[PDB]
Every structure is written in structure tokens, then in C-alpha cells.
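Backbone-built Cβ (ideal geometry, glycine too); neighbour counts: all protein chains shown. Just so it is clear, none of the values below were taken in a lab; they were calculated from the coordinates.
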Amino acid sequence: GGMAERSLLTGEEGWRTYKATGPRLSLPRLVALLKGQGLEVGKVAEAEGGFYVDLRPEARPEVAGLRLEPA
């Protein structure tokens, strides 16, 4: 297959882990914002001041309401 980055949360190939922060950020708000941008959501976990979330490696991590930086 085509080799791809692995999730730092699960080790599963096909994911890039990001740290997500933003105002009033809850897990449901995070999911809703990512899905509204059409982004496939992998594992989500807790981070300092926000969440870790797996997105596809080539997904464009630009979502109004969130700051997304690779973890």
C-alpha cells in the first residue's frame, strides 16, 4: 500500500496527530467543527488546554474556531 504517517495516539497508520485549541472548546464542539469542514476525525484524546485529534495526513488543517498544530 501507500506508506503514511502514524497516529501518535494509537500507532495506526494513516493519521497525523494534531493539538487542537480554541475558545469554549469541548469534545462535541471539536467534532462538530471538524466535520463541518469535511475533515475525517480519528482518535480524540485530552491535551494540555485542549485536545489531541487525529486527522488524515494530507487534510488541510484550517478550521474557523480552532488552532490546529501538529503534535
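Pairs meeting the criteria (first residue in segment 18-42 and closer than 16 Å to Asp54 by Cβ and touching a residue at least 40 places away in the same chain (Cβ under 8 Å), second residue hydroxyl-bearing (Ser, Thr, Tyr) and not in a loop (DSSP other than H, G, I, E, B), beta carbons under 9 Å, at least 6 apart or on different chains) are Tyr18/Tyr52; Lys19/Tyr52; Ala20/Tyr52. Count of segment 47-58 residues, restricted to those that are of a type outside the set (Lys, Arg) and either farther than 18 Å from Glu13 by Cβ or surrounded by fewer than 17 Cβ atoms within 10 Å (Cβ to Cβ) (or both), is 7. Do the conditions hold for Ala20, that is, is it hydrophobic (A, V, I, L, M, F, W, C) and under 18 Å from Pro57 (Cα atoms)? Yes, satisfied. Of the residues making up segment 36-46, those that are surrounded by fewer than 12 Cβ atoms within 10 Å (Cβ to Cβ) and closer than 13 Å to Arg56 by Cα number 1. Tell me, please, whether a residue that is assigned to a strand (DSSP E or B) and at negative phi can be found in segment 27-42. Looking through segment 27-42, none of the residues is assigned to a strand (DSSP E or B) and at negative phi. Taken as a whole, segment 4-17 holds no residue that is assigned to a loop (DSSP other than H, G, I, E, B), buried (at least 16 other Cβ atoms within 10 Å of the Cβ), in contact (Cβ under 8 Å) with a residue 24 or more places away in the chain and touching a helix residue (DSSP H, G or I) at 6+ places or on another chain (Cβ under 6 Å).
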